[PDB]
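A lone chain, given as structure tokens: the form deposited in one PDB entry.
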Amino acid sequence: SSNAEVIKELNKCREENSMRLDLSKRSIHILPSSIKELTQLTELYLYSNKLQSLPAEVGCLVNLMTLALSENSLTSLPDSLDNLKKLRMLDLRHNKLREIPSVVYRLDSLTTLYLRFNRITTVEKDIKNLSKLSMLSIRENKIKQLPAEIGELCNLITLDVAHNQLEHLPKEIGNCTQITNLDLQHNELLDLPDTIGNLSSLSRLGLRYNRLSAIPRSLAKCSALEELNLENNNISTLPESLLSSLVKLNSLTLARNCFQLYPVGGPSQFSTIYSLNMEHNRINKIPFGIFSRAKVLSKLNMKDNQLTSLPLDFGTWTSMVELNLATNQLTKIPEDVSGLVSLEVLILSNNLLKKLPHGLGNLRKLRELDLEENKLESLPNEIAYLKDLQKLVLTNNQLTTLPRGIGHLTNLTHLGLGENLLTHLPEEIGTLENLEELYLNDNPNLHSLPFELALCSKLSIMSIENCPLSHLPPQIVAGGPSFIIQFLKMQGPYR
């Protein structure tokens, strides 16, 4: 927009006595001082422009309740904004602030303040003057400390300080008894204040990517917690039965910490959670009976730990829908796996399995089975009953042949057999109606392909690189999968 077009918009706003002025997304460099005549405005939108300064005449808009300055190049604000005694929402995200503008601390009518993605380094004590703040966002700045005066914001409900450099929280934070959403992800927190337990309305606590080595015992008093994310810290234990007290917990993440065991407390601590993430720790066992009360537990991730076997009652996890045990030291899957009738995803990558239990074929709803990077020397005939299976990953195992029953996997679309010892594929491969991707690359003993492979009418991706295939015409295999399938098709019994 040119200066004249902006003035035309102001004049239209005046003539129509409009209470809303939207000048966003116009590449405006200068806001003309003529804005002073629009005293009836309650909402002024100027986001996504090129403003490097705001005219002091904006202070004449005494009726303003919303001022959005997002995505400009502002470094300051005129002191005349003192006169906006009714301002409720101020958005200064995506500017060039090295500080909270001095005048903002005097806008004590504010209930919503967005400072996200600037270069602010300090939160002055004067923050106490904004006692009506219910939503405060200082996400993605350079703040290294919060003043104790933050505890005077007793109406604070949502506080987002994600992506800063905080090492501690002032204990006075416990005076914000209304806080229900607290995001502290990606800071440098060494600990949490014991007063944190005062936040009895806290429902979401984001703490991923910090430096916590322990959780305060008083966190058990935040009984409204539904989402607790402790990913990537330095925690090895949880205080006595902390989880048992979180009666609304829906999902818990302990991944990327220092746990050698499950937190002590028994099955009472998992009675409500829907998903449990413990990947990338050093847990050496799943306790017997810890899920006996986990009636809604649907997703368990134990990837990259120290499991050498599964618990005796493994077969009782009838509500489990997604289970990840990759990168452990499992040498066998118990036959009791047949009890996981709700399991749809099973990840067993990078273990020490040489064979699979017969009970695997009872997982009637299993859709994804990842077995790459094991030592599998064969597949059980029971796999024929995995009728819901869509993806089967067997990359880098020791398979030489496939069970003929594999032809009953009519829902299978992805079959990854790369880096195996296959000598041939069963003729029943032709009944894989929905097969789309067949990876056979790096099978140095695979000298043939069955003509029935031409019957897979949805096959569009196949890799045979580094497969001998010496039983097929050399010029055929030299042409790649397109000529190979063509040969099997028009040279076979099914043309």
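Note that the rigid core is defined as the largest set of C-alphas that superpose within 1.5 Å between two forms. Residue numbers here begin at 1 and follow the sequence given.
The next section is about a form of this same protein that is not shown, the form deposited in another entry.
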| property | result |
| --- | --- |
| Core-superposed comparison between the shown form and the other one, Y47 Cα displacement 2 Å or beyond | no |
| Rigid-core frame, C-alpha of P450, shift of 2 angstroms or more between the shown form and the other one | yes |
| Rigid core fit then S27 CA moved by 2 Å or more between the shown form and the other one | no |
